[PDB]
Structures are given as structure tokens and as C-alpha cells.
Amino acid sequence: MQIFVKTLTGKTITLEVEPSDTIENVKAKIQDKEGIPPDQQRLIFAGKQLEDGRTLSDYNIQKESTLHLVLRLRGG
Amino acid sequence: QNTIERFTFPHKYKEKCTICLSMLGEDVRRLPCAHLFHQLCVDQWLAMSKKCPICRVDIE
Amino acid sequence: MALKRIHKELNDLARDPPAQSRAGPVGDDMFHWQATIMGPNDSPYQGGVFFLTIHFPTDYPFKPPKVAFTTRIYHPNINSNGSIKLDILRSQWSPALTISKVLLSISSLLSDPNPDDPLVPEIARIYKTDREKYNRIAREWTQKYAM
Ligand SMILES: [Zn+2]
Ligand SMILES: [Zn+2]
């Protein structure tokens, strides 16, 4: 299943995921493509910041959903 | 500027420019990441940072 | 250049309001704006109306706007002078960003503070160790200064 992760500047990341994937797994996948460590990623869907311990199904995230990636960097 | 021309593709357009926010015959420049901008708009940015304003990838 | 892009944003903000906010020029001066932003729903700032000032640099959009709260607010990432701890206002600015995206970002930060990189260390500490107290005080300050 494909989902899209968009950054504030309008970059689109496409990820191959499963509904059973946890937010933490999703962050890891984002890390492999974009080099951003999970700890400094925030993922938002439908206005809510997603929690690492929940799944995509938990938040009712479906095929070709768009998630927003917010970076909260160290020393920032 | 010469580094800009070496690693980018300048041409005439044939979608909005995210830098000036005007819609794209006008002179545009395509970065290696494939993002597109008005040549003037983007060159001003590249002159102070060698990274695409959208995907933040260095053009080198 | 800056002026042209700045009226462009004005229309785009009027037609498509970001996160229950209002924003426009201080009368004639296009490089100085006033904005209001509503406290996010089911945050402790809920119900509040918060004032922001915005100053655009002469070489906008290649340098970030200066954006600060002028309403007092209790938040780990916003200090007593209204400075806001957002990467995009400092080092992560890009000309592909817009004031709309900044206002969106401010709203997201109100909803979900980042206590690990604070502007107010002691409020961050409360947020971490006693969230009930953080919510209470945030609500109290909202009632006192923003409602
Ligand atoms: Zn342009
Ligand atoms: Zn790019």
C-alpha cells in the first residue's frame, strides 16, 4: 500500500507501507529515504500528531493517504 | 553562477513558480531533482544556497 | 520582487485562511503585517485569540519573515518576548515557504509543544513532568491574556 508524506516546502515522499505498520516503522522508512532520524520527525494526519506506538490502521490511514512531515531539529 | 549553469537546465517554458508565486515562453530553470522555477527567481536563491528550495537537495 | 510576492500571498490568505487565522498589512505598509490566530481546538489555548506581528525583510522570500506573538502565552517554545521556536523562522527557511505555511506551523506547535528544544526551559520541564499543571496554567493564561 502506498502513502504520501509531504514536507512543508512541498516535497513528496512516497512510501510502501502496510496498514499494520506502526508510526515508528513509518518514521524508520522515512529515515532510509531522507536521512532524518525518527526522533526529530513528527507526522501529522487530519490535524493530529501521530504517536509512535500506534498503527496506520489505528488512525484510519488508507491507500494514498497524505501525511505531513514536520521536522523538529535538535538545537533548533 | 557558472556552477549553476553547469548543474542545471535553463530554458523557455511550455504550474506556479513556488518562489515568486506567479504562474509559469518565460525563462525557467530545472534543477537536477526535476523541480522547476523561473530562472531569475531560483538563481537568486542558489546564489546564497546550493540546494533546491523544495526538496533541499544540493544541485551538485 | 518582495512586494509582488507579498500581495500574491495576501490574496491566497484571504481566499484560503490557514488554521483559523487572519492576516494583512498594517494599513499601507506591505512589509509590516498584523495577524491573529485562534488557539487550536482541544488544546489548552482553545477559545483564545492571539496577536502576531510580522515583518518581511527587504529580500523576502529569500530571507525569513520575523514573526512574534504580542499576546502573552504559556508555552515551552514561545518566550516572554513572543519569539517562536520554529526552525523555518531561523535556519530552515526556504523561499518555497509562505506566511500561510508559517501560520499553519504555529498552529501545529501550539497543539503539540516540543519540550526538548524549548525557549522557556522551566515551562518545558512542567510540560514533561506535570502535564496537568501545564494544561491548567496554559488555560489560565489563555483566559487572562487571550480571552
Ligand atoms: Zn518565479
Ligand atoms: Zn528539488
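When the header is checked for method, it gives X-ray crystallography, 1.9 Å.
Backbone N, Cα and C atoms are what each Cβ position is placed from, and that goes for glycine too.
Residues or ranges marked as domain 'Ubiquitin-like 1' by Swiss-Prot: A:1-76.
Under the heading ubiquitin cross-link, Swiss-Prot lists A:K6 (among others). Of all the Cβ atoms in the protein chains shown, 14 others lie within 10 Å of the Cβ of A:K6 (ubiquitin cross-link). DSSP gives A:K6 (ubiquitin cross-link) a strand state.
If you look up Swiss-Prot, you'll see A:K11 (among others) marked as ubiquitin cross-link. In the three-state DSSP assignment, the secondary structure recorded for A:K11 (ubiquitin cross-link) is coil. Long-range Cβ proximity for A:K11 (ubiquitin cross-link), meaning a same-chain Cβ under 8 A and a gap of 6 or more residues, is found for none.
Here Swiss-Prot flags A:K27 (among others) as ubiquitin cross-link, drawing on a curator's inference. The 10 Å shell around the Cβ of A:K27 (ubiquitin cross-link) contains 21 further Cβ atoms across the protein chains shown.
The annotation ubiquitin cross-link is assigned in Swiss-Prot to A:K29 (among others). A:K29 (ubiquitin cross-link): 17 other CB atoms within 10 A of its CB, across all protein chains.
Look at Swiss-Prot and you will find A:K33 (among others) tagged as ubiquitin cross-link, backed by experimental evidence. Under DSSP, A:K33 (ubiquitin cross-link) is assigned to a helix (H, G or I) in the three-state scheme. Around the Cβ of A:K33 (ubiquitin cross-link), 11 further Cβ atoms fall within 10 Å across all displayed protein chains.
Sequence annotations record features per position, and here Swiss-Prot assigns ubiquitin cross-link to A:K48 (among others) based on experimental evidence. The local packing around A:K48 (ubiquitin cross-link), expressed as other Cβ atoms within 10 Å of its Cβ over all shown chains, amounts to 12. When secondary structure is read from DSSP and collapsed to three states, A:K48 (ubiquitin cross-link) falls in the strand class.
The site 'Interacts with activating enzyme' feature in Swiss-Prot is assigned to A:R54 (among others). With a cut-off of 8 Å between CB atoms and residues at least 6 apart in sequence, the same chain places A:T22, A:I23 near A:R54 (site 'Interacts with activating enzyme'), listed in sequence order.
A simple way to gauge crowding: the CB of A:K63 (ubiquitin cross-link) has 9 other CB atoms within 10 angstroms, across all the protein chains here. For A:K63 (among others), the entry in Swiss-Prot reads ubiquitin cross-link.
Every protein chain shown contributes to the tally, and the Cβ of A:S65 (phosphoserine) ends up with 17 other Cβ atoms within 10 Å. The phosphoserine annotation in Swiss-Prot covers A:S65.
Mapped onto three states, the DSSP output places A:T66 ((Microbial infection) ADP-ribosylthreonine) in strand. Look at Swiss-Prot and you will find A:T66 tagged as (Microbial infection) ADP-ribosylthreonine.
The site 'Essential for function' annotation in Swiss-Prot covers A:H68. Sequence-distant neighbours of A:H68 (site 'Essential for function') (same chain, six or more apart, CB under 8 Å from its CB) are A:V5, A:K6, A:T7, A:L8, A:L43, A:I44, A:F45, listed in sequence order.
A:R72 (site 'Interacts with activating enzyme') falls within neither a helix nor a strand when secondary structure is assigned with DSSP, and so counts as coil. All chains included, 19 other C-beta atoms sit within 10 angstroms of the C-beta of A:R72 (site 'Interacts with activating enzyme'). According to Swiss-Prot, the feature site 'Interacts with activating enzyme' maps to A:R72 (among others).
Sequence-distant contacts of A:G76 (ADP-ribosylglycine), defined by Cβ-Cβ distance under 8 angstroms and a gap of at least six in the same chain, do not exist. According to Swiss-Prot, the feature ADP-ribosylglycine maps to A:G76, an assignment based on experimental evidence.
The shortest Cα-Cα distance from A:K27 (ubiquitin cross-link) to any of the recorded positions (A:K33, A:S65, A:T66) is found for A:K33. Less than 8 angstroms from a Cβ of chain B: among the recorded positions A:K11, A:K27, A:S65, A:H68, A:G76, that describes A:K11. Among the recorded positions listed (A:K6, A:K11, A:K27, A:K29, A:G76), none has a CB atom closer than 6 Å to any atom of ligand 2.
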